[PDB]
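*Asks:* The structure follows.
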Amino acid sequence: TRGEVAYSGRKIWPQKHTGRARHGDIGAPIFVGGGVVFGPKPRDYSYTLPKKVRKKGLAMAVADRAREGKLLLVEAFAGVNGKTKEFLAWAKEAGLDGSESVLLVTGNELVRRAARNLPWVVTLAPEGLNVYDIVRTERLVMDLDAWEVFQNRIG
Amino acid sequence: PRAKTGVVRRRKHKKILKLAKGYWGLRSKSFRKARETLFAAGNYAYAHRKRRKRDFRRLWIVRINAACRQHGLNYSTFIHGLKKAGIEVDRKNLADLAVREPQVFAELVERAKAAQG
Amino acid sequence: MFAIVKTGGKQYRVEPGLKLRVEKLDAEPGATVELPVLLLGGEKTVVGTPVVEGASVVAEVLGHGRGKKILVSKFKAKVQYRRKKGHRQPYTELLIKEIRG
Amino acid sequence: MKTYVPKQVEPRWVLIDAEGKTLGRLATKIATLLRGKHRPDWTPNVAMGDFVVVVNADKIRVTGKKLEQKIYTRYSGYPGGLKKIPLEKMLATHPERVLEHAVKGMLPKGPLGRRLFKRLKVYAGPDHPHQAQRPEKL
Amino acid sequence: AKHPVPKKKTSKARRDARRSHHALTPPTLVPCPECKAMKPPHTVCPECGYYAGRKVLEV
Amino acid sequence: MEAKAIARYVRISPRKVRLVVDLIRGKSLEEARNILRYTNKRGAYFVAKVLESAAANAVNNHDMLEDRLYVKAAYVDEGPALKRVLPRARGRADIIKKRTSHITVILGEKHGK
RNA sequence: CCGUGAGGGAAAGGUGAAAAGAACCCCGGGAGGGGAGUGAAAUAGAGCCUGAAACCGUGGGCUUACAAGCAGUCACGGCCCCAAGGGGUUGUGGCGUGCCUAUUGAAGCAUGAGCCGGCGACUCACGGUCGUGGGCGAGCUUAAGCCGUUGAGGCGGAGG
RNA sequence: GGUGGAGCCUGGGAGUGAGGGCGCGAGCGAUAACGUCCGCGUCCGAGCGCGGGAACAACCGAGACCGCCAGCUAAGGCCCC
RNA sequence: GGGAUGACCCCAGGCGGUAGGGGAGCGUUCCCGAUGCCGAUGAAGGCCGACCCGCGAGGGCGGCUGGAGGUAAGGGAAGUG
Ligand SMILES: [Mg+2]
Ligand SMILES: [Mg+2]
Ligand SMILES: [Mg+2]
Ligand SMILES: [Mg+2]
Ligand SMILES: [Mg+2]
Ligand SMILES: [Mg+2]
Ligand SMILES: [Mg+2]
Ligand SMILES: [Mg+2]
Ligand SMILES: [Mg+2]
Ligand SMILES: [Mg+2]
Ligand SMILES: [Mg+2]
Ligand SMILES: [Mg+2]
Ligand SMILES: [Mg+2]
Ligand SMILES: [Mg+2]
Ligand SMILES: [Mg+2]
Ligand SMILES: [Mg+2]
Ligand SMILES: [Mg+2]
Ligand SMILES: [Mg+2]
Ligand SMILES: [Mg+2]
Ligand SMILES: [Mg+2]
Ligand SMILES: [Mg+2]
Ligand SMILES: [Mg+2]
Ligand SMILES: [Mg+2]
Ligand SMILES: [Mg+2]
Ligand SMILES: [Mg+2]
Ligand SMILES: [Mg+2]
Ligand SMILES: [Mg+2]
Ligand SMILES: [Mg+2]
Ligand SMILES: [Mg+2]
Ligand SMILES: [Mg+2]
Ligand SMILES: [Mg+2]
Ligand SMILES: [Mg+2]
Ligand SMILES: [Mg+2]
Ligand SMILES: [Mg+2]
Ligand SMILES: [Mg+2]
Ligand SMILES: [Mg+2]
Ligand SMILES: [Mg+2]
Ligand SMILES: [Mg+2]
Ligand SMILES: [Mg+2]
Ligand SMILES: [Mg+2]
Ligand SMILES: [Mg+2]
Ligand SMILES: [Mg+2]
Ligand SMILES: [Mg+2]
Ligand SMILES: [Mg+2]
Ligand SMILES: [Mg+2]
Ligand SMILES: [Mg+2]
Ligand SMILES: [Mg+2]
Ligand SMILES: [Mg+2]
Ligand SMILES: [Mg+2]
Ligand SMILES: [Mg+2]
Ligand SMILES: [Mg+2]
Ligand SMILES: [Mg+2]
Ligand SMILES: [Mg+2]
Ligand SMILES: [Mg+2]
Ligand SMILES: [Mg+2]
Ligand SMILES: [Mg+2]
Ligand SMILES: [Mg+2]
Ligand SMILES: [Mg+2]
Ligand SMILES: [Mg+2]
Ligand SMILES: [Mg+2]
Ligand SMILES: [Mg+2]
Ligand SMILES: [Mg+2]
């Protein structure tokens, strides 16, 4: 600000018989080296959104997917080992051919690893379900041991 | 996010200059002296567009008053004769008859002095 | 021929063939005849009558390619701390070709 | 919008024999003649109309008593002098000018007014050594 | 700082009109009747000078 | 074809060179070089150097035949102003400006006879 | 750099892909050019990308040396550009007391402004008071903290 | 009677609290001031934006959404400007 | 009010404005949209435009200049004019 800058506090003109404008320090914000007037100060932007609004959001975020037809509930991932070979061979027989992006919600980290690294999968933990990561993808595929934690998480 | 002015102030000042190509000095080379004569220039555009409609009245009245004196009466008798004939002709934009094709006006003076003579 | 026509509130002198901006009418398409009010005859042997009330018994025929052109306007007032720049009036014209009397 | 304009018509070299007329009462005929306020071609920015030649000056009669009453002050010289000229002196020496000063107030003030004053050729008459050309409008 | 000072900036018009008569006059040159170089007049310029003139380097 | 000449940063204030280059704008070469040989200004040295250099760049580069050429266009421009200080009374220290110039005399042929 | 001193305290980035940063001429004392050459580009040629504006020039069109004006605008007319209609000029006419601030009032002979380019002034933290979009609704509701991430969020009812 | 950017109420946001001319009623002043202080207005303020008043905030005419090379008019004029 | 909604369609009025109050918008920087779509078959920028759309703020298109970034519709936060 005007006060925080590393200038001085000396009145740079004696204000009366100079003829130029009356000015305080160079650190005044109208000077070109000066501070800024109202520039941003580092603040936390996060706020408590109500927990019922978060739960209703994560309900309607998957309700949109089920209302379209872009929801899938697999349990047995045939792709063990986290090989993206195994995951893409799984997706070919599953019905996620790759042109439409998918949120992948699995409690199996060795398929989160497989789908971590594609241009069309947002991998996700079963607890880290959230409406922004739901909506930014066009499909949703989740495990039975992620749908169970989601169903008992929301009302 | 610091939003520099940058491109916006030049795009405004070149707009004022492109609107003001033509005036005298710094009046049309100065992007803060050309607002001061685009304000007054647009104000004169307003007042003179509303003044053109009466300028041309005070031109056509002269053309009728000079063409009806050629036929031997004055304009103040002429329009009284026209409005007692009952018309919406000659309608001073049509003080063209009195200039060119003058026999139409030479019969309109007859229909004037007849209707008020 | 010679003719004088009131249409759209103003009065124009018209020949066999000419017309320009005519203060846009309520006749939409291109190939559209139109019956305006003749005023004073036209100085041939057959005609030449200045007509009371504009009640000339014959009309004209006015086909037209109607369309507003945008006009270089910037119709701005200014008093002061006041800048009402924002009125530009392209002022919808209508483009007549007239046929006869 | 229509087109109205005149063109450069050959002028009207009107003579005005001014043996009887009072100036002013004459001169507003002359100024209305000088501008084209009598022909119906009149655009106000062309100085069309007449090249009036008013002749037969002094014995321009004037109204009731203006024998040393009408003061032609016009010439501020420039330090102490508004120098006054009555009409007796004006008609005595270069008469020639009471009409010029009568029409130079009834013409307008711009360059068209100044061009229009050069059309008016006042003489002390008759035999204005100027003419063979006289629609002598009276 | 003091008493006589310009009230206004002389614009391009009055400045470039006051710089009218400061156009330089071209010098006068005459062709030296011995050989054709352009001396100014009444001037023993570096050719010969006048007839039998005072020499730079010549016979 | 018109041979360019430009002598840049020639260090003479440009109004004072404009006053001599106006004298040679439009003149023939054998006329103009000996105008400059006796024109009593400082400009008439730098413009003389650039006129001789322009004639040489018309001959030895664009083969433009030294006799049949004149000065087509000729103009100087302000260059980077060397801003020195000239100290005054009461410590006022005004900024004297040694302006520099960019001189141009393009030279073209008149017509081949 | 200023200051004895404590102290104040600047400005100043960008060639190009690569220096291939211009061999050799020619003018010039040299600087600087013009060729040649480099390179895709050299009005990218060295404190060099883009390089605006103020400003300063040169060339062309129109225009002015009997004119009067807050510099314009409207109207016609003349003339070169495009050929329907335009823009550029401005000759004449008509009409016209600058901008901002402060004002009972400003063209004001009240104030500020040389011009241009940038920087430049209603925000934010926590509370409060009304509104509105929502959620829940005689219920509502988290805080710090805890646990977990990838720019996943839940648990936490102390309290209000 | 009066449907009008009329009213009444609640709540939010104000601005403003240096006014001025004119008319009328008065005070102070001198039956002075473009004086000052009120009351009823009005107008400028913010409508000088326009017309007339030669020019001119408040005098007379009139409340400017924009356009038109149409018309009728108010105060004011009609010899010319 | 007309509406066999598509509330576009007309109708009666209104529409000077300072302090102000209120409502619509256009822009600049950044972000989500974006691991996307444009872009050397020339980005941002600069100069123009007599064209186009918008009442305007501005936005498009075209021409050169530029030689490498730009970022849609809808939204969000401002060091926003
Ligand atoms: Mg400090
Ligand atoms: Mg310090
Ligand atoms: Mg201190
Ligand atoms: Mg000063
Ligand atoms: Mg600094
Ligand atoms: Mg800083
Ligand atoms: Mg600095
Ligand atoms: Mg993946
Ligand atoms: Mg800023
Ligand atoms: Mg009217
Ligand atoms: Mg169109
Ligand atoms: Mg003649
Ligand atoms: Mg003759
Ligand atoms: Mg003194
Ligand atoms: Mg100057
Ligand atoms: Mg000169
Ligand atoms: Mg000294
Ligand atoms: Mg020291
Ligand atoms: Mg590189
Ligand atoms: Mg060299
Ligand atoms: Mg440079
Ligand atoms: Mg550069
Ligand atoms: Mg020129
Ligand atoms: Mg004269
Ligand atoms: Mg002349
Ligand atoms: Mg005047
Ligand atoms: Mg004028
Ligand atoms: Mg006036
Ligand atoms: Mg004013
Ligand atoms: Mg006030
Ligand atoms: Mg005061
Ligand atoms: Mg002032
Ligand atoms: Mg003054
Ligand atoms: Mg003062
Ligand atoms: Mg003050
Ligand atoms: Mg609720
Ligand atoms: Mg834990
Ligand atoms: Mg108080
Ligand atoms: Mg008070
Ligand atoms: Mg009051
Ligand atoms: Mg008072
Ligand atoms: Mg009052
Ligand atoms: Mg009293
Ligand atoms: Mg009084
Ligand atoms: Mg007082
Ligand atoms: Mg009031
Ligand atoms: Mg009012
Ligand atoms: Mg008035
Ligand atoms: Mg008046
Ligand atoms: Mg109104
Ligand atoms: Mg009428
Ligand atoms: Mg009337
Ligand atoms: Mg009356
Ligand atoms: Mg309003
Ligand atoms: Mg942006
Ligand atoms: Mg592409
Ligand atoms: Mg950007
Ligand atoms: Mg571009
Ligand atoms: Mg373009
Ligand atoms: Mg966008
Ligand atoms: Mg800012
Ligand atoms: Mg700011």
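*Asks:* Residues being under 13 Å from the mean Cα position of the chain (by Cα) and closer than 13 Å to C:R100 by Cβ: count how many of those fall in segment C:19-36. Before the answer, list the steps.
*Replies:* So in segment C:19-36, the residues under 13 Å from the mean Cα position of the chain (by Cα) come out as C:19-27, C:34-36.
Within this subset, residues satisfying the condition of being closer than 13 Å to C:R100 by Cβ are C:19, C:34-36.
Of the residues in segment C:19-36, 4 are under 13 Å from the mean Cα position of the chain (by Cα) and closer than 13 Å to C:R100 by Cβ.
*Asks:* State whether the residues of segment B:43-63 include one that is surrounded by 13 or more Cβ atoms within 10 Å (Cβ to Cβ), hydrophobic (A, V, I, L, M, F, W, C) and touching a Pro at 6+ places or on another chain (Cβ under 9 Å).
*Replies:* yes
*Asks:* Let me ask another. Would you mention how many residues in segment A:88-109 are farther than 19 Å from A:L73 by Cβ and surrounded by 14 or more Cβ atoms within 10 Å (Cβ to Cβ)?
*Replies:* Number satisfying all stated conditions: 1.
*Asks:* Which one of the conditions (1) within 14 Å of another protein chain (Cβ to nearest Cβ); (2) in contact with an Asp or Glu (Cβ under 8 Å, 6 or more places away or on another chain); (3) in a loop (DSSP other than H, G, I, E, B) does D:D41 fail to meet, given that it meets all the rest?
*Replies:* Checking D:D41 against (1) within 14 Å of another protein chain (Cβ to nearest Cβ); (2) in contact with an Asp or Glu (Cβ under 8 Å, 6 or more places away or on another chain); (3) in a loop (DSSP other than H, G, I, E, B), the one that fails is (2).
*Asks:* Which residues, counting only those in segment B:18-49, are over 30 Å from D:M1 (Cα atoms) and either within 7 Å of RNA strand I (Cβ to nearest atom) or aliphatic (A, V, I, L, M) (or both)? Spell out the reasoning first.
*Replies:* Residues of segment B:18-49 that are over 30 Å from D:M1 (Cα atoms), as a first pass: B:24-36.
If the condition is that a residue be over 30 Å from D:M1 (Cα atoms) and either within 7 Å of RNA strand I (Cβ to nearest atom) or aliphatic (A, V, I, L, M) (or both), then B:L26, B:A34 are the ones that fit.
*Asks:* Would segment A:126-138 turn up any residue that is crowded, with 18+ Cβ neighbours inside 10 Å, of a type in the set (A, V, I, L, M, F, W, C) and more than 16 Å from A:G79 (Cβ to Cβ)? Can you show your working first?
*Replies:* Initial filter on segment A:126-138 (crowded, with 18+ Cβ neighbours inside 10 Å): A:126, A:129, A:134, A:137.
From the residues that got through so far, the ones that are of a type in the set (A, V, I, L, M, F, W, C) too are A:129, A:134.
Next cut, more than 16 Å from A:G79 (Cβ to Cβ) only: A:129, A:134.
Looking through segment A:126-138, at least one residue is crowded, with 18+ Cβ neighbours inside 10 Å, of a type in the set (A, V, I, L, M, F, W, C) and more than 16 Å from A:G79 (Cβ to Cβ).
Residues are listed down the side, and each one gets a yes or a no for (1) among the polar types (S, T, N, Q); (2) crowded, with 16+ Cβ neighbours inside 10 Å:
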site: D:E10; (1), (2): no, no
site: D:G20; (1), (2): no, no
site: D:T28; (1), (2): yes, no
site: D:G36; (1), (2): no, yes
site: D:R39; (1), (2): no, yes
site: D:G64; (1), (2): no, no
site: D:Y72; (1), (2): no, no
site: D:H94; (1), (2): no, no
site: D:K109; (1), (2): no, no
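*Asks:* Output the number of the condition that F:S53 fails; it satisfies all remaining conditions of (1) more than 25 Å from F:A81 (Cβ to Cβ); (2) surrounded by fewer than 22 Cβ atoms within 10 Å (Cβ to Cβ).
*Replies:* It fails just one condition, (1).
*Asks:* Filter segment B:1-38 down to the residues that are within 30 Å of A:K41 (Cβ to Cβ) and assigned to a helix (DSSP H, G or I), then identify the one that is farthest from the chain's Cα centre (by Cα). Steps first, please.
*Replies:* Here is the first cut: in segment B:1-38, the ones within 30 Å of A:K41 (Cβ to Cβ) are B:1-9.
Next cut, assigned to a helix (DSSP H, G or I) only: B:7-9.
On the way: B:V7: 40, B:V8: 38, B:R9: 37 Å.
Filtering first and then ranking leaves B:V7.
*Asks:* Also, quick follow-up: Looking at A:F87, A:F77, A:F38, can you tell me which residue is more than 22 Å from the chain's Cα centre (by Cα) and in a helix (DSSP H, G or I)? First the steps, then the outcome.
*Replies:* Details: A:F77 fails: in a helix (DSSP H, G or I); A:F38 fails: in a helix (DSSP H, G or I).
Only one candidate qualifies: A:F87.
*Asks:* Among the helices (runs of 4 or more DSSP H) lying completely within segment F:1-85, list those that include at least 1 residues that are under 15 Å from F:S101 (Cα atoms). Full working, then the answer.
*Replies:* Numbers: elements: F:15-21, F:29-36, F:43-59.
Those helices (runs of 4 or more DSSP H) span F:15-21, F:43-59.
*Asks:* In segment B:72-97, which residues are more than 9 Å from every other protein chain (Cβ to nearest Cβ), under 20 Å from C:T49 (Cβ atoms) and surrounded by fewer than 17 Cβ atoms within 10 Å (Cβ to Cβ)?
*Replies:* Across segment B:72-97, the qualifying residues are B:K83, B:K84.
*Asks:* Which members of segment F:1-43 meet the condition of being over 25 Å from F:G112 (Cα atoms), more than 9 Å from chain E (Cβ to nearest Cβ) and of a type in the set (S, T, Y)?
*Replies:* Correct list: F:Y9, F:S13.
Coordinate-derived values only; no laboratory data. Cβ sites come from the backbone with ideal geometry, for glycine too, and all protein chains shown count toward neighbours.
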